[PDB]
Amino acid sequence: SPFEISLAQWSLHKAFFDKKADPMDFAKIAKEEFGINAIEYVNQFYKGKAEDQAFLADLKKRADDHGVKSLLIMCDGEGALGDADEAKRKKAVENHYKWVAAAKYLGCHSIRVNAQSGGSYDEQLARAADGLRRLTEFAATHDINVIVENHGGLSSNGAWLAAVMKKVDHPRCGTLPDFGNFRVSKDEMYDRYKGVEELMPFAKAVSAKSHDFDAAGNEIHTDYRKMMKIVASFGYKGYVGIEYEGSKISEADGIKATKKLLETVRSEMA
């Protein structure tokens, strides 16, 4: 009731890439291995399939059969939406159209894209705002949001990405705040609490990033109590997606630890 828990597919990326699990069973696996009934896909596990009507029908059916909600698709490898090269930015925008349609088909509310760009602060802001606005124009006709997750570079700068949002100036372009992605560069780690707070006014989804847990089951890098307080203070009551990216405990344990942490924190909320 304070919020709901979903699973983001990158939590299982090692299992899928090593062919120890079938991407098509993502809904089943979330539901049966982890007791989770909402998912966020990553397009890397379905390369070439976005316009395959039979594949979409199948993926939608497996979700329906297991009573799992499809929330959004995270899009990687389709180009930089703020590419300094004009022709490449245009191509990046168009590469996402198919994923917009796929998301609509599955009943997702958004696609998550990057704001990758090049040049100084204001050049990147103008370029990213341009690509995002152009893609959002297409997506809006499908009643689908375009949202950016902080993910390195200036996109990990909360104020820069918030300024990009303001420049894009479209209600269907928003953010997907990630708890942990705040390394702007080797020399700069942005304040994750300030950054999420800067991104929350635009949030359509939230990503509970985790890596490592202590003996009490608390995440070592991010204080989830403090973080969820920030999230809730903006009235966000939707799904919070587990995105386990640690290297010490297995993905299965990582997912379970994150779910358990989120549940504990949620029980303290009312």
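All residue numbers are counted from 1 along the displayed sequence.
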Given 182-190 and 127-135, the range whose Cα B-factors average higher in the PDB entry: 182-190
Residue range whose averaged C-alpha B-factor is higher in the record, 248-256 or 12-20: 12-20
Peak C-alpha temperature factor (PDB record), options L161, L106, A92, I73: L106
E32, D214, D223, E40, ranked by C-alpha B-factor: the highest one: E32
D143 - Cα temperature factor, lowest/middle/highest third of chain: highest
Third of the chain, ranked by Cα B-factor, where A208 sits: lowest
Lowest, middle or highest third - CA B-factor, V168: middle
Third of the chain's Cα B-factor distribution that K98 belongs to, per the entry: highest
Entry-reported Cα temperature factor of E78, expressed as the chain third it lands in: highest
